[PDB]
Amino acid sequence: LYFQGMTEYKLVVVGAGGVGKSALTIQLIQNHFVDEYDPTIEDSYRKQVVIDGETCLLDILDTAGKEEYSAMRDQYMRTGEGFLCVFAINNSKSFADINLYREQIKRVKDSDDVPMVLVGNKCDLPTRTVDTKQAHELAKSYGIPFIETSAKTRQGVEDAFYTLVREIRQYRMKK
C-alpha cells in the first residue's frame, strides 16, 4: 500500500487505439498536449501528487489500444489496481470497445468490483457521436464514475485520474 510512507496507487489507462490515453497521461504528468499520434506499446510514469490531503505515489501504466499488442493485457490487468476506461466522444467504435476491456479486467482479476472510471475524451471537438447521457447511462449501470475530458484543454483530466484514486481508496477502506 505504501512507498516511503506515501500511498501507492497503480492506475492503468485502457481503451481503443487513438482515444487519447497517452495525451491524457502526458497532460497529467507533464502539463502539455501531444498533437502527434505515436501509437503506444506500453509506457509507465510515476508522479507524486496530493489528492484530498493525502500524499500519493501514482504509477500510471499507459497501455496499447492497437490489437497487435494484446498479449501484454493479462500482465497489466493482474498488477493494475484501478482502470481508466477511455473512449473518444467522436468515435462510436471506441465506445463499443469499452466492455471488451472491462470484461477482460474482471476475468483476469476474478472480481466484479475492480475500481474503474469511464472517460469520454476529446470533449473539445465539435463532431460528437457519443452523447453525454448515453455514456452516463452506461456508467450508471456499471456503478462507476463517468468523466468527460479533453487532453487538449485539460478539462476533466485531473478529475478523471483523481476520481480513480478516490475509488481505489474507498475500495481499500472497505477492507
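Quick note: we count residues from 1 along the sequence shown, nothing fancier.
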property: 7-15 versus 20-28 - greater average Cα B-factor per the deposited record; result: 20-28
property: Per the entry, higher mean C-alpha B factor between 32-40 and 128-136; result: 32-40
property: Candidate set 63, 141, 111, 48 [ranked by C-alpha B-factor, highest]; result: 111
property: Given 81, 103, 74, 97, the residue at which the Cα B factor reaches its maximum; result: 74
property: Chain third (lowest, middle, highest) by recorded CA B-factor, residue given as residue 67; result: highest
